[PDB]
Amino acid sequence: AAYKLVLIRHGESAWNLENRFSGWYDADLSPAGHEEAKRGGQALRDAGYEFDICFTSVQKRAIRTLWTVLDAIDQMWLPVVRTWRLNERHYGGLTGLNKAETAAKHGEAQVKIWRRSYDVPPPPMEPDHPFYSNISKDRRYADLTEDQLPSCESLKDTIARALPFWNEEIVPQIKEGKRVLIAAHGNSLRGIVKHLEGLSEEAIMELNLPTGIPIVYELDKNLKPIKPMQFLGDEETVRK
């Protein structure tokens, strides 16, 4: 191949379990989520994968997935770059609610609309929201401009703030021939996948990336995939 690139969605989180919308809430991995990451790492190790640089978000579910993979592959010494721009989509006022609470309050017609829409954002997270201070006042976002700090995001917004990091920080590493590992989130990784494969808005919203499973890309000199993405793992986890 011309360039090798590996992507991985964080393993299952404690809130994925509860079916609670996390978004920018910094939920940790569940024990099952940790094992997923560990197994993904062992799959990367059995295949003899080597990286030169790692990108991740500022969210511990992604960072811990990266740590567990680096540990399994004996590459804890690699440089690791964190950015809010790889964060999960900001779910606004839905943050902290489970799916029952969401349906109860908004009705399933509205949930379906949000679910199937590329560019309609959920309600904004406002100053009386239970997680407002927890997220908006977190010092990790202190350097964001007023315009950059979302009160909510559509998938399109998420992708819009994710791609500039890909373009400016990841692409140059790849073109240098550095072997890149990105440990992040379903929606931030969709931005990358959509961009690589030129997927439609409809198709990307159908793309469901599984937690803790390494995704492998082989790109041409124009960073276009030469073949479709491939999942790494034992034959079972791969099939499913």
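Between two forms, the rigid core is the largest collection of C-alphas that superpose within 1.5 Å. All residue numbers refer to positions in the sequence shown, first residue = 1.
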What stretch shows more C-alpha movement in 9 other deposited structures of this protein relative to this form, 126-134 or 151-159, after the core is superposed? 126-134
Rigid core fitted first, then name the stretch among 208-216 and 26-34 whose C-alphas deviate most from the displayed form in 9 other deposited structures of this protein. 208-216
Comparing 156-164 with 109-117, which has the greater mean CA B-factor as deposited? 109-117
Would you tell me which stretch averages the higher CA B-factor in the PDB entry, 202-210 or 30-38? 202-210
Would you mind checking which of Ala184, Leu196, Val69, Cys54 has the top Cα temperature factor in the PDB entry? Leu196
Max C-alpha B-factor within the set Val80, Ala103, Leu149, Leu86 falls on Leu149
Thinking about Cα B factors across the chain, which third does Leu144 belong to? highest
Consider only the C-alpha atoms of the modelled residues in this chain, order them by B-factor as the entry records it, and name the third containing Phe21: lowest, middle or highest. middle
Sorting the chain's modelled residues by C-alpha B-factor and splitting them into thirds places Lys175 in the highest
